[PDB]
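J.: Attaching a single structure in structure tokens format; questions to follow.
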Amino acid sequence: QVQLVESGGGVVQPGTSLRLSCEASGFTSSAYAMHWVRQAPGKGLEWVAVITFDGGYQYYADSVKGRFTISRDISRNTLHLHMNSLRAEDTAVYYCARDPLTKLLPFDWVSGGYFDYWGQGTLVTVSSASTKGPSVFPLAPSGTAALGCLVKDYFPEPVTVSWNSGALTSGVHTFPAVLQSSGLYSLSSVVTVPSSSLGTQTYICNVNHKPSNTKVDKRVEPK
Amino acid sequence: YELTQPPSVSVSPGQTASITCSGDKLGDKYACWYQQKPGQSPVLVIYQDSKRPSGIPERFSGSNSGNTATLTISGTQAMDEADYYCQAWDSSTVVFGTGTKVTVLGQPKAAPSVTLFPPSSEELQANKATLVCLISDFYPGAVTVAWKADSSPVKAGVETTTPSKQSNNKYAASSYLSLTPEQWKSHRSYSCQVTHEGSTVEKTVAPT
């Protein structure tokens with residue numbers, strides 16, 4: 001059966017080079033136009049490059065031209081994406097895709113081409129992020145009140161949050177972290193409490209970040 | 001060349017899901033549609049504006065006229081829930097639409113609870129400022145977030161999570177707006193606007 005298996009992905013630093021491979025099987029890639037398509041975490045599909053069945057023509061998205069080169073190892077029935085000068089926004093799953101219609105380029109007539117087969121994808125993470133403990137900030141409450149703790153700029157996952165060491169659990173919601181463009185994570189934990197208890201009751205968030213051996217308590221109070 | 005889709009389409013089982021894709025003179029181009037489930041490769045469901053690959057259920061159909069390409073799923077079932085992307089060409093360049101999340105309803109609809117927090121004093125001291133918009137208990141798990149400084153839309157410094165399931169089977173998401181302490185004081189108001197199934201709710205905080 002037809003299949004595509006991409007390879008070469010990994011976590012690397014900005015400016016670095018990396019070469020992806022896509023081995024074909026069940027057919028000859030020299031008889032098809034082959035493509036690279038990529039998808040950033042949580043984002044949409046983005047076409048990267050095409051090479052013709054001939055190998056005599058390549059084309060590239062503007063975002064990668066001059067940095068990426070698509071090629072074919074005819075002998076090993078393998079396609080390659082050589083990426084130089086990688087940037088943070090190159091972070092994506094990279095897919096190999098087969099196009100049965102495209103022959104010679106540029107097109108003589110309007111393209112009715114499509115991708116009939118995809119590989120499983122290989123992950124490329126471009127980041128300079130390294131182990132770093134979070135800054136912890138109180139989220140002051142304004143017949144209930146919401147209060148919490150902002151856990152800012154840590155790497156890597158995970159962070160865990162408790163309240164009064166886990167003695168306060170009712171109404172606690174700790175949110176999934178956001179992964180920012182910096183490659184650093186942030187999250188928040190909130191607890192909803194009686195408005196009338198804000199004067200007598202004590203609320204402390206406990207933030208743990210094991211990779212940085214960070215254990216921080218922050219008392220959260222009105223005003 | 002730009003292809004735009006709606007972010008979300010929600011449908012009860014058996015009803016018809018209609019997904020549009022817009023572009024300048026899209027009718028002059030051939031449109032393809034791909035189905036993608038979380039953690040899986042995309043799957044071609046429609047090519048050349050209406051042709052259906054073998055193996056694809058015939059409840060999938062497509063059309064393309066003027067500026068609009070439409071993918072139609074009649075009698076939608078749970079297995080049809082996925083992201084759908086339209087696709088076309090610009091010379092040798094391949095173009096994808098923004099993608100549409102199709103939810104097939106499996107529990108009652110639920111409007112989001114929204115909590116907006118201002119920058120803390122402690123953070124403002126460190127010459128940094130973040131707005132924290134927390135969104136909980138909603139279904140379907142699809143939201144769009146818009147930030148506004150006073151009355152003007154802000155797009156810079158915005159980071160928003162993908163929705164994910166809570167331990168009550170509804171969804172949660174959060175959005176962060178990064179600002180300088182000066183930018184924060186320079187306006188009278190900041191708002192977080194959360195849109196869900198045609199309804200938009202807003203929370204507001206001020207440097208006061």
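Following the order of the structure tokens, first chain is A, next is B, and so on, with residues numbered from 1 inside each chain and ligands from 1 in the order they appear.
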Show me, as a PyMOL selection string, the residues of chain B whose atoms get within 9 Å of chain A, using only C-alpha atoms for the distance check.
T.: chain B and resi 28-32+40-44+47-49+53+85+87-99+115+117-123+132+134+159-164+172-176
J.: Find the spatial neighbours of residue 13 (chain A), counting only C-alpha atoms, within a cut-off of 9 Å - ignore same-chain residues fewer than 6 positions away - and output them as JSON, numbers by chain.
T.: {"A": [86, 87, 88, 125, 126, 127, 128, 129]}
J.: Go ahead and save the picked residues with N, CA and C atoms, as a short mmCIF file (atom, residue, chain, number, x, y, z; two decimals), in the first residue's frame.
T.:
```cif
data_model
loop_
_atom_site.label_atom_id
_atom_site.label_comp_id
_atom_site.auth_asym_id
_atom_site.auth_seq_id
_atom_site.Cartn_x
_atom_site.Cartn_y
_atom_site.Cartn_z
N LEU A 86 16.63 28.38 11.20
CA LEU A 86 15.31 28.15 11.78
C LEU A 86 14.87 29.27 12.73
N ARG A 87 13.57 29.55 12.73
CA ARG A 87 12.99 30.57 13.59
C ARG A 87 11.90 29.96 14.45
N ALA A 88 11.54 30.65 15.53
CA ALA A 88 10.56 30.16 16.48
C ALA A 88 9.25 29.75 15.80
N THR A 125 10.46 21.53 16.98
CA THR A 125 10.32 22.59 17.97
C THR A 125 11.55 23.47 17.94
N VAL A 126 11.34 24.74 17.62
CA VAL A 126 12.44 25.69 17.57
C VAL A 126 12.28 26.64 18.73
N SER A 127 13.16 26.53 19.72
CA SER A 127 13.06 27.37 20.91
C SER A 127 14.40 27.53 21.62
N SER A 128 14.60 28.68 22.25
CA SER A 128 15.77 28.88 23.10
C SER A 128 15.36 28.75 24.56
N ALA A 129 14.11 28.36 24.80
CA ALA A 129 13.61 28.21 26.16
C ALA A 129 14.41 27.14 26.90
#
```
J.: Between CA of residue 139 (chain B) and CA of residue 201 (chain B), what is the distance in Å, rounded to a tenth?
T.: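 CA of residue 139 (chain B) sits 14.7 Å away from CA of residue 201 (chain B).
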J.: Applying 10 Å and only C-alpha atoms, which residues near residue 8 (chain B) remain after dropping the ones on its own chain fewer than 2 positions away? List them as a list in words.
T.: residues 5, 6, 10, 19, 83, 84, 99, 100, 101, 102, 103, 140, 141, 142, 143, 144, 196, 197 and 198 of chain B
J.: Next, dump the selected residues to file, keeping only N, CA and C atoms, as a compact mmCIF listing (two decimals), in the first residue's frame.
T.:
```txt
# COMPACT_ATOMS: atom_id res chain seq x y z
N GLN B 5 -12.56 30.83 6.57
CA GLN B 5 -13.70 30.01 7.00
C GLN B 5 -14.24 30.51 8.33
N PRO B 6 -15.47 30.12 8.69
CA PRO B 6 -15.90 30.36 10.07
C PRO B 6 -15.11 29.48 11.03
N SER B 10 -21.62 24.22 14.66
CA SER B 10 -22.19 23.28 15.63
C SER B 10 -23.48 22.71 15.10
N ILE B 19 -20.30 24.20 5.80
CA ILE B 19 -19.06 24.89 6.05
C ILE B 19 -18.64 25.69 4.83
N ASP B 83 -11.88 19.12 12.55
CA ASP B 83 -11.55 20.36 11.87
C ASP B 83 -11.60 20.15 10.35
N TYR B 84 -12.20 21.10 9.64
CA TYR B 84 -12.26 21.03 8.20
C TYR B 84 -11.54 22.22 7.59
N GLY B 99 -9.67 27.10 8.54
CA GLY B 99 -10.12 25.92 9.27
C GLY B 99 -11.39 26.14 10.07
N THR B 100 -12.25 25.13 10.08
CA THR B 100 -13.52 25.18 10.79
C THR B 100 -13.65 23.99 11.72
N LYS B 101 -13.89 24.26 12.99
CA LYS B 101 -14.14 23.19 13.94
C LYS B 101 -15.60 22.80 13.92
N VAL B 102 -15.88 21.55 13.57
CA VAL B 102 -17.26 21.09 13.54
C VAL B 102 -17.57 20.29 14.79
N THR B 103 -18.52 20.77 15.58
CA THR B 103 -18.94 20.01 16.74
C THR B 103 -20.26 19.33 16.45
N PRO B 140 -20.49 23.96 22.93
CA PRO B 140 -19.29 23.29 22.40
C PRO B 140 -17.97 23.96 22.79
N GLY B 141 -16.88 23.21 22.67
CA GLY B 141 -15.56 23.70 23.01
C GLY B 141 -14.96 24.53 21.91
N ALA B 142 -15.59 25.66 21.63
CA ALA B 142 -15.12 26.58 20.61
C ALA B 142 -15.46 28.00 21.01
N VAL B 143 -14.44 28.85 21.09
CA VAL B 143 -14.62 30.22 21.51
C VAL B 143 -13.72 31.12 20.67
N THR B 144 -14.11 32.37 20.46
CA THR B 144 -13.19 33.38 19.94
C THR B 144 -13.09 34.54 20.91
N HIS B 196 -19.23 32.87 21.78
CA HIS B 196 -19.56 31.45 21.86
C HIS B 196 -20.94 31.20 21.26
N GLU B 197 -20.99 30.41 20.19
CA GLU B 197 -22.25 30.07 19.52
C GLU B 197 -23.13 31.30 19.26
N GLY B 198 -22.55 32.34 18.66
CA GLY B 198 -23.29 33.54 18.33
C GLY B 198 -23.49 34.54 19.46
```
J.: Which value, in Å to one decimal, gives the distance between CA of residue 3 (chain A) and CA of residue 25 (chain A)?
T.: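 So the two atoms, CA of residue 3 (chain A) and CA of residue 25 (chain A), lie 5.3 Å apart.
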J.: Within 8 Å of residue 207 (chain A), counting only C-alpha atoms, which residues qualify if same-chain residues fewer than 4 places away don't, as a VMD selection string?
T.: chain A and resid 136 151 159 to 162 214 to 217
J.: Once DSSP has gone over the backbone, tell me which residues of region 29-136 of chain B are in strand (DSSP E), as number ranges by chain.
T.: B: 32-36, 43-46, 60-65, 68-73, 82-90, 93-96, 100-104, 113-117, 129-136
J.: The selected residues should be written to file as a short mmCIF file (atom, residue, chain, number, x, y, z; two decimals), in the first residue's frame (atoms: N, CA and C atoms).
T.:
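Listed below is the output, result-v2.cif:
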```cif
data_model
loop_
_atom_site.label_atom_id
_atom_site.label_comp_id
_atom_site.auth_asym_id
_atom_site.auth_seq_id
_atom_site.Cartn_x
_atom_site.Cartn_y
_atom_site.Cartn_z
N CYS B 32 -10.56 22.09 -2.69
CA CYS B 32 -10.47 20.80 -2.01
C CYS B 32 -10.82 20.97 -0.54
N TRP B 33 -11.29 19.90 0.09
CA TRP B 33 -11.59 19.93 1.51
C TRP B 33 -10.90 18.78 2.23
N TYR B 34 -10.30 19.08 3.38
CA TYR B 34 -9.62 18.08 4.20
C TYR B 34 -10.24 18.00 5.59
N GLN B 35 -10.42 16.78 6.07
CA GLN B 35 -10.92 16.52 7.40
C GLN B 35 -9.74 16.15 8.31
N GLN B 36 -9.65 16.77 9.48
CA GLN B 36 -8.56 16.44 10.41
C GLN B 36 -9.04 16.31 11.85
N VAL B 43 -7.31 14.33 6.03
CA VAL B 43 -7.86 13.38 5.08
C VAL B 43 -8.70 14.10 4.03
N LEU B 44 -8.32 13.94 2.77
CA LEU B 44 -9.06 14.55 1.67
C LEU B 44 -10.48 13.99 1.60
N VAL B 45 -11.48 14.86 1.66
CA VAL B 45 -12.87 14.41 1.56
C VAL B 45 -13.57 14.89 0.29
N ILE B 46 -13.10 16.00 -0.28
CA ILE B 46 -13.63 16.55 -1.53
C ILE B 46 -12.50 17.17 -2.34
N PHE B 60 -20.98 13.41 2.42
CA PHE B 60 -20.11 14.56 2.12
C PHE B 60 -20.29 15.04 0.68
N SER B 61 -20.59 16.32 0.51
CA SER B 61 -20.62 16.92 -0.81
C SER B 61 -20.06 18.34 -0.79
N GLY B 62 -19.62 18.80 -1.95
CA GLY B 62 -19.07 20.13 -2.07
C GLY B 62 -19.58 20.91 -3.27
N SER B 63 -19.47 22.24 -3.18
CA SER B 63 -19.81 23.14 -4.27
C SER B 63 -18.88 24.35 -4.26
N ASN B 64 -18.74 25.00 -5.40
CA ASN B 64 -17.90 26.19 -5.51
C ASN B 64 -18.42 27.17 -6.57
N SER B 65 -18.89 28.33 -6.13
CA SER B 65 -19.43 29.34 -7.03
C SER B 65 -19.15 30.76 -6.54
N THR B 68 -17.48 31.67 -3.02
CA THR B 68 -17.78 30.75 -1.93
C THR B 68 -17.64 29.27 -2.31
N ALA B 69 -16.88 28.53 -1.51
CA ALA B 69 -16.88 27.08 -1.60
C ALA B 69 -17.54 26.52 -0.36
N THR B 70 -18.47 25.59 -0.55
CA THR B 70 -19.23 25.04 0.56
C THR B 70 -19.07 23.53 0.66
N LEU B 71 -18.70 23.06 1.84
CA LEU B 71 -18.71 21.64 2.13
C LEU B 71 -19.96 21.30 2.93
N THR B 72 -20.68 20.28 2.49
CA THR B 72 -21.94 19.93 3.12
C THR B 72 -21.93 18.50 3.64
N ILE B 73 -22.30 18.34 4.91
CA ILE B 73 -22.38 17.03 5.52
C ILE B 73 -23.81 16.78 5.92
N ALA B 82 -14.72 17.15 13.70
CA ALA B 82 -13.34 17.35 13.31
C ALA B 82 -13.12 18.78 12.86
N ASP B 83 -11.88 19.12 12.55
CA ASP B 83 -11.55 20.36 11.87
C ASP B 83 -11.60 20.15 10.35
N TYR B 84 -12.20 21.10 9.64
CA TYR B 84 -12.26 21.03 8.20
C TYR B 84 -11.54 22.22 7.59
N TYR B 85 -10.68 21.93 6.61
CA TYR B 85 -9.90 22.95 5.92
C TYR B 85 -10.22 22.93 4.43
N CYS B 86 -10.49 24.10 3.85
CA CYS B 86 -10.58 24.20 2.40
C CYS B 86 -9.18 24.47 1.84
N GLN B 87 -8.99 24.22 0.55
CA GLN B 87 -7.67 24.33 -0.07
C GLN B 87 -7.77 24.70 -1.55
N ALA B 88 -6.92 25.62 -2.01
CA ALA B 88 -6.86 25.98 -3.43
C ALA B 88 -5.44 26.36 -3.84
N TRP B 89 -5.27 26.72 -5.12
CA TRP B 89 -3.95 27.09 -5.63
C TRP B 89 -3.85 28.55 -6.05
N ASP B 90 -2.63 29.08 -5.95
CA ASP B 90 -2.27 30.40 -6.48
C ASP B 90 -0.95 30.24 -7.22
N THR B 93 1.70 28.04 -5.84
CA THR B 93 1.46 28.08 -4.40
C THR B 93 0.14 27.44 -3.97
N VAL B 94 0.21 26.58 -2.95
CA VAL B 94 -0.98 25.99 -2.35
C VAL B 94 -1.45 26.83 -1.16
N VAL B 95 -2.76 27.06 -1.08
CA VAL B 95 -3.34 27.89 -0.03
C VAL B 95 -4.39 27.13 0.79
N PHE B 96 -4.34 27.26 2.11
CA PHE B 96 -5.32 26.62 2.99
C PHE B 96 -6.23 27.66 3.62
N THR B 100 -12.25 25.13 10.08
CA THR B 100 -13.52 25.18 10.79
C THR B 100 -13.65 23.99 11.72
N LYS B 101 -13.89 24.26 12.99
CA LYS B 101 -14.14 23.19 13.94
C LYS B 101 -15.60 22.80 13.92
N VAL B 102 -15.88 21.55 13.57
CA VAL B 102 -17.26 21.09 13.54
C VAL B 102 -17.57 20.29 14.79
N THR B 103 -18.52 20.77 15.58
CA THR B 103 -18.94 20.01 16.74
C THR B 103 -20.26 19.33 16.45
N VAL B 104 -20.34 18.05 16.79
CA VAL B 104 -21.60 17.34 16.75
C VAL B 104 -22.06 17.19 18.20
N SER B 113 -18.58 30.97 31.46
CA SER B 113 -18.35 31.89 32.57
C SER B 113 -17.03 32.59 32.32
N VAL B 114 -17.01 33.92 32.44
CA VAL B 114 -15.80 34.67 32.16
C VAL B 114 -15.36 35.48 33.37
N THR B 115 -14.09 35.34 33.74
CA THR B 115 -13.49 36.14 34.80
C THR B 115 -12.25 36.88 34.28
N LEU B 116 -12.26 38.20 34.39
CA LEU B 116 -11.12 39.01 33.94
C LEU B 116 -10.37 39.61 35.13
N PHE B 117 -9.06 39.36 35.19
CA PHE B 117 -8.21 39.95 36.24
C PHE B 117 -7.27 41.01 35.67
N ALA B 129 3.12 43.84 32.89
CA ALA B 129 1.67 43.82 33.11
C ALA B 129 0.98 42.80 32.22
N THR B 130 0.11 41.99 32.81
CA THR B 130 -0.67 41.01 32.07
C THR B 130 -2.13 41.03 32.49
N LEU B 131 -3.02 41.02 31.52
CA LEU B 131 -4.44 40.82 31.78
C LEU B 131 -4.75 39.33 31.66
N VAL B 132 -5.57 38.82 32.56
CA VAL B 132 -5.88 37.39 32.62
C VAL B 132 -7.38 37.16 32.45
N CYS B 133 -7.77 36.63 31.29
CA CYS B 133 -9.18 36.33 31.00
C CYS B 133 -9.42 34.82 31.03
N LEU B 134 -10.19 34.37 32.01
CA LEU B 134 -10.42 32.95 32.21
C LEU B 134 -11.84 32.56 31.82
N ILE B 135 -11.94 31.52 31.00
CA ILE B 135 -13.20 31.13 30.37
C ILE B 135 -13.52 29.68 30.71
N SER B 136 -14.67 29.45 31.34
CA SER B 136 -14.96 28.12 31.86
C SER B 136 -16.38 27.66 31.58
#
```
J.: Just how far from CA of residue 17 (chain A) is CA of residue 55 (chain A), in Å to one decimal?
T.: 22.5 Å
J.: Would you list, as a list in words, the residues of region 23-198 of chain B that end up in alpha helix (DSSP H) under DSSP run on this structure's backbone?
T.: residues 121, 122, 123, 124, 125, 181, 182, 183, 184 and 185 of chain B
J.: At a cut-off of 8 Å, using only C-alpha atoms, what residues contact residue 192 (chain B)? Leave out same-chain residues fewer than 6 positions from it and give the result as a list in words.
T.: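 Here the answer would be residues 116, 133, 145, 146, 147, 148, 202, 203 and 204 of chain B.
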J.: Go ahead and write the selection's residues with C-alpha atoms as a CSV table (one decimal), in the first residue's frame.
T.:
```
chain,number,residue,atom,x,y,z
B,116,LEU,CA,-11.1,39.0,33.9
B,133,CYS,CA,-9.2,36.3,31.0
B,145,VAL,CA,-11.6,36.0,22.1
B,146,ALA,CA,-11.2,39.7,21.3
B,147,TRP,CA,-9.3,42.2,23.5
B,148,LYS,CA,-10.1,46.0,23.5
B,202,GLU,CA,-17.6,40.9,27.9
B,203,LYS,CA,-15.8,41.5,31.2
B,204,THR,CA,-14.0,44.8,31.9
```
J.: Could you pull the residues within 7 Å of residue 205 (chain B), counting only C-alpha atoms, minus those fewer than 5 positions along the same chain, as a compact mmCIF listing (two decimals) with N, CA, C and O atoms, in the first residue's frame?
T.:
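As written to disk, result_20.txt reads:
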```txt
# COMPACT_ATOMS: atom_id res chain seq x y z
N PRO B 118 -7.11 42.13 36.39
CA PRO B 118 -6.15 43.19 36.04
C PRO B 118 -4.71 42.82 36.43
O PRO B 118 -4.52 41.85 37.17
N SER B 189 -9.85 51.86 30.20
CA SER B 189 -10.53 50.58 30.31
C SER B 189 -9.93 49.50 29.41
O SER B 189 -9.44 49.79 28.32
N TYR B 190 -9.97 48.27 29.89
CA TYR B 190 -9.63 47.11 29.07
C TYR B 190 -10.74 46.07 29.16
O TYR B 190 -11.28 45.82 30.24
N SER B 191 -11.07 45.46 28.03
CA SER B 191 -12.15 44.49 27.99
C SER B 191 -11.73 43.17 27.37
O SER B 191 -10.93 43.14 26.44
```
J.: Restricting the calculation to only C-alpha atoms, which member of A:76, A:182, A:169, A:164 is positioned closest to residue 201 (chain A)?
T.: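 Smallest distance to residue 201 (chain A) is found for A:164.
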